[PDB]
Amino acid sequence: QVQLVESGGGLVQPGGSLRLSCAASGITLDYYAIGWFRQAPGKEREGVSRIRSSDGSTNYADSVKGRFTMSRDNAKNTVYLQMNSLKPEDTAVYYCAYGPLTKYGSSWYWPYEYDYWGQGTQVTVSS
């Protein structure tokens, strides 16, 4: 029942900024992760960032730390990825994905695998 839709892709010049949106519908669980991923030309898909619903905790991939920020509008069921200081090598299809957190002992663990994916949005950083 979960569906995710990415939007906001476009063409931007080197050094520019862009904000992506991931709108989710059908989520009923309280404890879940939303991840951003990307696949560049010639490369495998890689993780970009993730956020969890319980407390808003995040993580970012080494290549984007400080330049990209992932955040939420709970009333719109939406997560944003704000990208600043864009580089040519940030060019990719960007995807968002959903996966439940799972509890063991006293802690909720992030998933390795995500269950539902959007169709992606193209981000091109080029002169």
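From 1 onward, residues are counted along the sequence shown.
Visitor: Which of the two stretches, 92-100 or 76-84, shows the higher mean Cα temperature factor in the record?
Guide: Comparing 92-100 with 76-84, the higher average CA B-factor belongs to 76-84.
Visitor: Mind pulling up the entry and telling me whether 106-114 or 20-28 has the higher mean Cα temperature factor?
Guide: In the deposited entry, the stretch with the higher C-alpha B-factor mean is 20-28.
Visitor: Sort the modelled residues of this chain by their C-alpha B factor and say whether residue 58 lands in the lowest, middle or highest third.
Guide: Middle third by C-alpha B-factor.
Visitor: Name the third of the chain's ranked CA B-factors that contains residue 45, choosing lowest, middle or highest.
Guide: As the PDB entry reports it, the C-alpha B-factor of residue 45 lands in the middle third of its chain.
Visitor: Per the entry's values, where does residue 39 land by CA temperature factor relative to the rest of its chain, in the lowest, middle or highest third?
Guide: It belongs to the lowest third of the chain when residues are ordered by C-alpha B-factor.
Visitor: Comparing residue 124 with the other modelled residues of its chain, is its CA B-factor in the lowest, middle or highest third?
Guide: Its C-alpha B-factor belongs to the lowest third of this chain's values.
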